[PDB]
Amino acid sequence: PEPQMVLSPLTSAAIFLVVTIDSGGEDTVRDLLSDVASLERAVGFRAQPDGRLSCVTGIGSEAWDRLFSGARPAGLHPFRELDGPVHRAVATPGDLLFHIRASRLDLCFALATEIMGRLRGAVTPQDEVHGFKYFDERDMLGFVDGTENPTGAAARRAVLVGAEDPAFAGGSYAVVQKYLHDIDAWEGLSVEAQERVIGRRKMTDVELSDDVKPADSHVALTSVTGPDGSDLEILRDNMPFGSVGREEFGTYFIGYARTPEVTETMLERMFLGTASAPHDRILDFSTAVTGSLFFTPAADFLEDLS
């Protein structure tokens, strides 16, 4: 089947649009979903090959029930709120995700405008974030972000639904969380203390050894193995965002996975901890203010809608 552009080339700009569908908004939404590929072509084609404009469209659990009368993707459910001893992963409203990426913010904005034009009156905006690449693929904590993402066949194997849910093959599960950083608290750490928090060297992005990597580092808690001892993997495209005047320095977290169980296991280790880690130290400097789970179906699922 034909996947949406979950595996995107390198992109320097992104818009995350999360909306809820208003009472009676379903027909307008279905019409828009049947045209969303066509609208990405209308905005993007003229700018190819360099524009690299794509939209990954996601649908929430409750939205799915409202929109489609047939089978549901096997792993689709509302985002699971996590109430950890110190940190909380909040569950916030979100029926439709538009994960818009390009080499330029103008292409993202132009597509977001077309999509919201078609949806005006049928949806209510919940979140809008304009993400930007920050230096050499760094995030707002100044660490390279995306290093250990799977690539090529491993990325497709990690992200794209297959024979386990054949009606939904080539779909994926997207988890979003908007994080705001305490940059005063962070900049109070030495680089070495920051490296102990993340689990990688700051300037050179080399993973700390097994012997020095803390158990409560971000890398330690988000490194997960299945029972066969193979790494369980997700595909992240985290995007810096913010407003200097309001002291908002953010990471917009997005992780794609073939099943949400992997992303949810990483989140549990982060927020609830383990026997050797109280919680992910990154959360002592990062507050999640959104949390939503969406299924991003195969492109042909959206194209074939009435």
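For the two forms, the rigid core is made up of the largest set of C-alpha atoms that agree within 1.5 Å on superposition. Numbers for residues come from their place in the sequence shown, where the first is 1.
Here 130 to 138 and 96 to 104 are scored by the root mean square distance of their C-alpha atoms in 4 other deposited structures of this protein, with each structure fitted by the rigid core; the higher score goes to 130 to 138.
Taking the mean C-alpha B-factor of each stretch as recorded, 271 to 279 and 50 to 58 are not equal, and the higher mean is that of 271 to 279.
Judged by mean Cα B factor in the deposited record, 4 to 12 ranks above the other of 296 to 304 and 4 to 12.
The residue among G131, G226, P93, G142 whose C-alpha carries the highest B-factor in the deposited model is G226. The top Cα temperature factor in the record, among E164, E195, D127, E114, falls on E164. Among all modelled residues in this chain, the alpha-carbon of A154 has a temperature factor (C-alpha) in the highest third. In the PDB entry, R66 places in the middle third of its chain by CA B-factor. In the PDB entry, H218 places in the lowest third of its chain by CA B-factor. For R80, the recorded CA B-factor ranks within the highest third of the chain. Only modelled residues enter the ranking. Among the modelled residues of its chain, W186 has a C-alpha B-factor that falls in the middle third, as given in the PDB entry.
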